[PDB]
Amino acid sequence: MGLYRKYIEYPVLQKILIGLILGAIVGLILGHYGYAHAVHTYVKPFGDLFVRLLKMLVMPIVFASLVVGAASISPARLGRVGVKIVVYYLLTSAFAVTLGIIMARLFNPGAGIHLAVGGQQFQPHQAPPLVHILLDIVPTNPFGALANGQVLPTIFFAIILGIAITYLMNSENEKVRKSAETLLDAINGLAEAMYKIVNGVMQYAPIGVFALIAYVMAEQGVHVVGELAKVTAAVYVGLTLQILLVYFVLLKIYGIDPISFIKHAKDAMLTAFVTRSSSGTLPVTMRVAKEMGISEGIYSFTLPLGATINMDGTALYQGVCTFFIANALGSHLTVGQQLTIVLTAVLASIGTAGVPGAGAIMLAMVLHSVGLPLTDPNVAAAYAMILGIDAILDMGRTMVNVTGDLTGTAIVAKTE
Ligand SMILES: N[C@@H](CC(=O)O)C(=O)O
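Header annotation of the entry names cryo-EM as the structure determination method and lists the resolution as 3.08 Å.

In this structure, what is going on with a nonpolar patch on the surface? I would like to understand it.
Among the surface-exposed residues, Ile21, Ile25, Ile29, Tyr33 and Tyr35 lie close enough to one another that they form a single nonpolar patch of about 550 Å² accessible area. With respect to the element layout, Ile25 can be found in helix α2 (residues 12-32).

Help me understand the site of the ligand, please; the structure alone is not making it clear to me.
Taken together, 16 residues lie around the ligand, and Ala358, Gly359, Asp394, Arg397 and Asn401 are the ones closest in. For the ligand, a nitrogen atom lies 3.3 Å from a polar atom in the backbone of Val355. One of the side-chain N or O atoms of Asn401 is found 2.7 Å from an oxygen atom in the ligand. For the ligand, the protein covers 100% of the area, taking 280 Å² as the surface of the free molecule. Taken together, the elements giving at least two residues each to the shell around the ligand come down to α18 (358-370) and α20 (390-415). Counting residues per element, the shell around the ligand draws most heavily on α20, at 4 residues. Across the shell around the ligand, the residue classes tally to 4 nonpolar, 9 polar and 3 charged.

Quick question: what am I supposed to make of the packing of helix α4 (residues 45-56) against helix α11 (residues 205-220) here?
What describes two packed helices is the angle between their axes and the distance between those same axes. Closest axis-to-axis distance for the α4/α11 pair is 7 Å, and the angle between their directions is 125°. As the angle between them shows, α4 and α11 are arranged oblique. Once α4 is placed against α11, the crossing between them reads as left-handed. Between α4 and α11, the residues in contact are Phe46, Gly47, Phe50 and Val51 and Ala205, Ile207, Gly208, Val209, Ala211 and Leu212, respectively.

Sorry, what's going on with unusual backbone geometry here?
When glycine is set aside, most residues are seen to have a negative phi, and most peptide bonds are trans. The residue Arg276 is not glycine, and still its phi comes out positive at about 60°. Inspection of the secondary structure puts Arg276 in the loop between α13 (258-275) and α14 (282-291). Despite not being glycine, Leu333 shows a phi value in the positive range, around 60°. By the element assignment, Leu333 lies in the loop between α16 (312-328) and α17 (335-351).

Is there a simple way to think about the pattern of salt bridges in this case?
Oppositely charged side chains can pair when the atoms bearing their charge come close. Tallied over the full model, the rule gives 8 salt bridges. One salt bridge in this structure joins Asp48 and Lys44, with 2.7 Å as the shortest N-O distance. Given the relative accessible area of 33%, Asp48 is considered partly exposed. Take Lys44: its relative accessible area is 15%, and that puts it in the buried class. Note that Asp267 is salt-bridged to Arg287, the shortest N-O span being 3.6 Å. Of this pair, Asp267 sits in helix α13 while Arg287 sits in helix α14, and the two are 20 residues apart along the sequence. A relative accessible area of 12% places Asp267 in the buried class. Within the structure, one salt-bridge network assembled from shared partners comprises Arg77, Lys84 and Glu416.

What is the right way to look at the environment of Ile25 in this model?
For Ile25, a relative accessible area of 44% translates into the label partly exposed. Here the alpha-carbon distance between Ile25 and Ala410, two residues 385 residues apart in the chain, equals 35 Å.

Is there a simple way to think about α18 in this case?
Since the α-helix turns once every 3.6 residues, residues separated by three or four places project in the same direction. Residues of α18 that are buried include every one of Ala358, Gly359, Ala360, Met362, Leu363, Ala364, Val366, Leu367 and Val370, and no others. In the core, the buried residues of α18 are packed alongside α16, α17, α19 (377-388) and α20. Just past α18, the residue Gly371 takes up positive phi, approximately 110°.

Looking at this model, I keep getting lost on the packing of aromatic side chains. Mind explaining?
Where two aromatic rings form a pair, the distance of their centres and the angle of their planes describe that pair. Inspection of the entire model under this criterion finds 3 aromatic pairs. Summarising the aromatic geometry, the rings of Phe122 and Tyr383 are spaced 5.2 Å apart at their centres and angled 85° between planes, so their arrangement reads as edge-to-face. Of this pair, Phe122 sits in the loop between α6 (76-106) and α7 (131-135) while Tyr383 sits in helix α19, and the two are 261 residues apart along the sequence. Judged by relative accessible area, which is 5%, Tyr383 ranks as buried. Seen from the ring of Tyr7, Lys15 lies directly overhead, with NZ or CZ sitting 3.9 Å from the centre. The ring centre of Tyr317 lies 4.0 Å from the NZ or CZ of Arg397, which sits over that ring.

Rules and cut-offs
- Residues numbered from 1 in each chain as written, not as in the entry; some residues may be left out.
- Heavy atoms only, no water.
- Patch = residues over 30% accessible without salt bridge, like charges linked within 9 Å, V, L, I, M, F, W, Y side chains within 5 Å.
- Areas by Shrake-Rupley, 256 points an atom, 1.4 Å probe, with all protein chains shown as cover.
- Salt bridge = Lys/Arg side-chain N within 4 Å of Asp/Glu carboxyl O.
- Helix = DSSP H or I, 4+ residues; strand = E, 2+ residues; numbered from the N terminus.
- Near = heavy atom within 4 Å.
- Polar contact = N/O pair within 3.5 Å; in protein donor to acceptor, adjacent residues only side chain to side chain.
- Nonpolar A, V, L, I, M, F, W, Y, C, P; charged D, E, K, R; others polar.
- Axes fitted to C-alpha atoms, helices over the stretch in contact; angles between N-to-C directions.
- Parallel < 35°, antiparallel > 145°, perpendicular 65-115°, else oblique.
- Left-handed = near helix turned anticlockwise from the far one by under 90°.
- Contact = heavy atoms within 4.5 Å.
- Buried < 20%, exposed > 50% of the residue type's maximum accessible area, 1.4 Å probe, protein only.
- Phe/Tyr/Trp six-rings, centres within 6.5 Å; stacked < 30°, edge-to-face > 60°.
- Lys NZ or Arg CZ within 6 Å of the ring centre and 35° of its normal.

In structure tokens:
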């Protein structure tokens, strides 16, 4: 239909990278000239539409793919991949915080800076009592959990419904077996339709990449100056090492080619870089794991679980910025406090939601754990400096958050 058909036949990765580079350059240029408000007014809704189109698909691609994803045997294989993915999700985050501590000791973020105290003293952090957090996994209404966001109760109900369906398909009665296979066929048709709409929105994706990274560079790309450049380098070098020294080694020792893995997962990594949402990149992540031959029983359970639980980049970010704040305050922060940093940033990354900007909010817990409260002005002043470039750090940490889920899914699928 004209120039549109000439634009469609271009390969998706090439125009996604073209939108990435032409968003970064245009955003830096327009942000240096004070045109951040014009970008936020005009350019940003073209990326907001992309995040809306990605979040539209999330619930029918979790529920309908996990009901069909109970095609493996119900106790044995699902319990084995649940344990094998929970051990991976804890160990990679516990290494990610330690790599953040190593990179925050190599660099020195907040190397003796002194700063004024005029920012707002934000919020003393209080956690929910953790029996409500666990008891809210079981939903009191499955349709209410499907309508109110709530990926984590939807995982539980979809696992239960799929196990019940595969018990009904082995029944002696004929009407119950035909009804169960008709329900499974309809749910699988919904899942395949959603995987087609993922390919539909990945053609709009270059405009969304351009309009998202241009807005991010226009607002916050010019504030990366001074020691904020040091903490940005200490975060991004740490994320690069979190990929290369953890994920590539764990892919190599399990017989998976890491370069072919990156060639399969580029469409998920470059989407999570700009959308900054590990729960909005979930349809693209499930499409990537579908394309690389992973069976549905592995990825349909491990990826919506890993969208919230496995956050290695958020863990490394909370490991680095805690050292940044404790260096701006002048604290010694001994190894008995660094082990509590390792213990608390893992729980803070587990508790961090997949929306953009939640890691800076959940940083208050790992701040409060070591004896740096957020209520005093001298800590909140240094914490506002991290909130100045939270989006720049979030762009990389979300990509590492999604790459961790994909690496764990591929490793556990190679284990079976
Ligand atoms: N935006 C991050 C979470 C965070 O660190 O705030 C993610 O969803 O992966």
